[PDB]
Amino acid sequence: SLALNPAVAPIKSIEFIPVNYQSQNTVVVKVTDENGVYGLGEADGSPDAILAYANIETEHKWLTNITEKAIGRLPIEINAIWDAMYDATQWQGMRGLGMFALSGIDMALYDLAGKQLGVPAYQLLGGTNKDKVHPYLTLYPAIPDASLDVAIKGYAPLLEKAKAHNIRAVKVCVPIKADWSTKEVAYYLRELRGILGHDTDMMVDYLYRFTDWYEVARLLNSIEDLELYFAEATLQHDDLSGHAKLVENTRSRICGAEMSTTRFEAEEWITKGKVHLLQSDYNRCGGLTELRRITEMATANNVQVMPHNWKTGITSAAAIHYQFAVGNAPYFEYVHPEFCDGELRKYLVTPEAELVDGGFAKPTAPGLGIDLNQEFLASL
């Protein structure tokens, strides 16, 4: 029989690396094979809690150290390793924090498997027929929570810059500690849309400031003319039935699942929440593997997926590969260096994908196409 690829070597180690910048932070997951080749991923959650979770001692069938079931396995069997890790950690990792850890490892396998096979991550996910992808950029000025005038002035230059770079879509937020009434919020969004223009799609993150679906429906119904792309974090994250109400009583796109984990929670958001779009996060919900299952399910149910993305360059890389091979929507969330502040997001990994005419070209490097910036890490 023909010879097997010697490069697909077993996993030798998995290291969780807490990264704190002096608050911005992350947990880099480095999976190294027996030949010294490694893959990089990252997990959400308090770095110290994640590190502790990653170092627990195995007790029984369902309470196993997360890395244990991955060590020794061939990186190419990402789907099987996912199941192995999940099955062995059900006692404390089926949802919540534990899944963030599993997510980082999953992401790192795509980087490792690709590097071993010398193929970009998106090809391991199925390839693509898109010649380019377009992200929407999440914007937020340096404002303190501020007042209507201050918030607007702060956004203005960011919005003008986005247009100058032909960014196809942007997301603005309603400051959390802002005491604006719902009518003021409507005014706010009308002013921002006025500045931005209608040529560029505009999304809105309400940051969970509401609890009554009726009040939200009134607000969303009154700004229908703004033709906003979607309404994010309108109601509390556990209030799935409330989101269904918004869907049933407004003509806005209703998002959900930003903080969720697994395809199981995603399925409930689809059928019970009736949401138009899911925002399950790369480094929270189960990685690219779970995002693929989630998206194929979503497509069958006429639901778009734009994974939440607000970490470092590691997740931004996965996001581009995701949009090329898995994405089922016109845009996906991306945080760009020239459109945000965050040393960690800017310097942790290299290189940074070049945004051309508001879009990204197909990745050309093996795996996720990234590497750690050692000088930066060593500098603490």
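Residue positions are given as counts along the sequence shown, with the first one as 1.
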task: Quick one: classify how much of the deposited chain lacks coordinates between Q22 and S23, choosing none, 1 to 3, 4 to 9, or 10 or more.
output: 4 to 9
Higher-B stretch (mean Cα B-factor, as the entry records it), 125 to 133 or 79 to 87: 125 to 133
- line: The stretch carrying the higher mean Cα B factor in the deposited entry, 334 to 342 or 48 to 56, is 334 to 342
message: Sorting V150, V305, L219, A113 by Cα temperature factor from the record, which one lands on top?
response: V150
message: Can you tell me which of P144, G242, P120, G98 has the maximum CA B-factor listed in the PDB entry?
response: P144
- prompt: Once the chain's modelled residues are ordered by C-alpha B factor and cut into thirds, is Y347 in the lowest, middle or highest one?
  reply: highest
- prompt: Split the chain's modelled residues into thirds by Cα B-factor; is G194 in the lowest, middle or highest one?
  reply: highest
task: Could you look up the Cα B-factor of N166 in the entry and say which third of the chain it sits in: lowest, middle or highest?
output: highest
Third of chain Cα B-factors occupied by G72: middle
- line: Split the chain's modelled residues into thirds by Cα B-factor; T32 lands in the middle
